[PDB]
Amino acid sequence: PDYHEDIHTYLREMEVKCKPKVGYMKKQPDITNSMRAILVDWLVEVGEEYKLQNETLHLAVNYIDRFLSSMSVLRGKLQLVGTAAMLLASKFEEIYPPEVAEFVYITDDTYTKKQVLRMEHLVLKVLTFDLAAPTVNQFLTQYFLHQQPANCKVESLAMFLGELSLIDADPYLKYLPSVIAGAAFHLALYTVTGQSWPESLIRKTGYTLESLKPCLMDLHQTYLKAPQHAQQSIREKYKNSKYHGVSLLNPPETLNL
Amino acid sequence: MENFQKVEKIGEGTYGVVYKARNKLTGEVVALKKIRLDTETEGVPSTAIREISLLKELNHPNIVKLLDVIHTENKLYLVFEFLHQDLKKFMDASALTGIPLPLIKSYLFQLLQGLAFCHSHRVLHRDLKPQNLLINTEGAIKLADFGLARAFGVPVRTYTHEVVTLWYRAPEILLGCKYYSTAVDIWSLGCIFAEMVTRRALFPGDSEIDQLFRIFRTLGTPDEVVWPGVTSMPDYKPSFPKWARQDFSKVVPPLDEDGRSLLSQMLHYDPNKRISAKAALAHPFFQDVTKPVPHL
Ligand SMILES: Nc1ncnc2c1ncn2[C@@H]1O[C@H](COP(=O)(O)OP(=O)(O)OP(=O)(O)O)[C@@H](O)[C@H]1O
């Protein structure tokens with residue numbers, strides 16, 4: 001705990017500033033929630049193939065959603081936006097980002113390198129270089145320090161569920177990363193141990209189980225229907241022993257709230 | 001770029017030139033940092049992406065102000081407030097007159113305010129050195145060159161090992177720590193503090209091994225009493241010679257008892273016990289702080 005409270009407060013402020021428009025898909029004449037779901041699931045796969053951090057993935061989705069809040073994109077360009085965003089998230093977050101040619105290779109030659117480089121610059125300009133976005137993963141990492149003791153299954157399961165939220169713009173765009181993180185942690189804890197959103201976190205975030213309830217309601221549903229979602233890369237990712245096989249665990253039938 | 005008139009070239013880095021320039025319309029004197037884009041190969045340099053985005057979040061009187069980013073198809077120019085010179089140049093120019101203690105103390109108070117702000121907003125600077133700290137005509141000093149900075153997370157994770165300039169490089173990094181956080185920047189400012197005072201580098205090692213030897217020769221070779229976990233660090237060696245710590249009265253003779261106390265907390269081996277920028281601002285050393293204008 002050196003600057004832990006200063007940092008958290010500042011992240012709470014910054015997440016409101018990097019918030020995408022909740023209603024943007026209905027304003028995109030040519031792209032849908034379902035297309036967006038396909039895009040992110042693919043980025044999840046790029047993220048696994050290139051052994052990229054999880055935060056890079058989360059950063060890229062923020063970037064996509066903010067771009068699509070500001071510009072109409074045709075559906076044959078949806079993937080050019082996602083690739084440039086993954087590329088910029090990589091440069092921002094990774095010690096050893098993939099080089100640009102690898103970003104062109106993953107789109108399997110749908111676009112040229114020049115296209116990918118010009119999109120990168122268009123994306124920077126649209127975000128006015130505001131790249132240091134708070135993510136679900138950033139808030140979860142802080143919350144994990146309020147365990148006693150740290151539980152690996154709880155942590156992997158919390159990450160898994162925060163990551164599922166990335167796929168479905170409906171309904172996750174209406175919640176703030178810190179809120180999805182609170183839902184993810186409580187639900188993950190409750191699923192592994194039977195415990196509930198700790199009093200230390202209520203004191204920290206000022207989020208109670210009731211304020212977390214709408215999100216928690218949604219997220220529980222997502223957890224239940226996960227084996228039957230069209231997009232599956234996150235489940236397949238979280239069966240690896242790297243994540244303690246936590247996507248093979250069974251969601252509770254009730255939460256008791 | 002038309003509103004700007006180049007006055008002189010004041011610098012050069014890896015991705016382009018630095019200029020003193022003047023706004024022809026407002027009369028404002030600025031620094032232009034020109035960054036070439038790899039338009040056909042790698043795009044916008046990852047160091048410029050971090051530097052711009054981090055510096056835009058960092059609005060504090062002791063951090064260099066980024067005023068604008070001017071895009072073209074083929075270049076970025078970062079417009080910065082103009083600051084007279086760097087601390088390295090100022091120390092050098094002060095070979096025959098010395099630096100007044102009240103000026104040293106004011107500068108350190110300011111660097112620590114700049115630094116607490118960064119850390120408060122989850123940014124590690126990771127390259128603090130006199131060359132990277134900027135002074136004005138009026139007695140202010142500012143953190144600059146955010147080329148190696150990164151946004152951190154709580155708790156930190158594994159970040160780039162090849163980071164800090166050797167003389168300023170913290171012993172946890174030199175011993176190949178998996179993790180470093182805010183403490184690495186306090187180390188560097190500890191080194192800068194003693195160098196303002198003696199006006200020569202505290203620990204000018206020739207290499208990593210030699211860097212450690214120099215630190216140990218002054219501060220005493222660490223053990224498990226002073227630093228729980230040293231002997232189990234990846235690049236720790238049980239064959240290190242066991243040097244006795246010297247008196248700070250001898251390491252930094254001009255320094256009073258307060259200053260010695262502060263330097264000593266900034267240069268603590270155990271990163272966890274090394275003082276925060278936040279806490280350092282409360283140290284008695286700063287009770288009488290003023291803000292002298294330097295002779296320039
Ligand atoms: N805002 C400024 N005011 C005055 N001088 C500056 C300014 N910015 C840079 N300089 C000059 O340029 C030198 C270093 O600049 P800086 O470290 O920002 O660029 P760099 O070395 O190219 O690093 P990078 O490109 O990795 O950020 C200093 O020694 C200083 O003399």
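In listed order, ligands and their atoms are each counted from 1. Letters A, B, ... are given to chains in the order of the sequence lines, protein chains preceding strands, and every chain is numbered from 1.
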**Study point:** salt bridge (charged side-chain N to carboxylate O under 4.0 Å, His left out) partners of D38(B), counting only residues at least two apart
**Key:** none
Check your understanding: Of all residues at least two apart in sequence or in a different chain, which pass the salt bridge (charged side-chain N to carboxylate O under 4.0 Å, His left out) check with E51(B)?
Key -> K33(B)
Point to revise | Residues that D206(B) engages under side-chain contact (heavy atoms from CB on, under 4.5 Å), provided they are two or more places apart | key: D210(B), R214(B)
Point to revise | Residues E172(B), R274(B): salt bridge by 4.0 Å N-O rule | key: yes
Practice item. Collect the protein residues that have a non-hydrogen atom under 4.0 Å from ligand 1 and hand them over in chain and number order. Key: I10(B), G13(B), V18(B), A31(B), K33(B), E51(B), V64(B), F80(B), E81(B), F82(B), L83(B), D86(B), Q131(B), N132(B), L134(B), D145(B), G147(B)
Practice item. Could you tell me if the ring centre of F193(B) sits under 6.0 Å from that of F285(B)? Key: yes
Point to revise | Between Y159(B) and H161(B), ring centroids under 6.0 Å | key: no
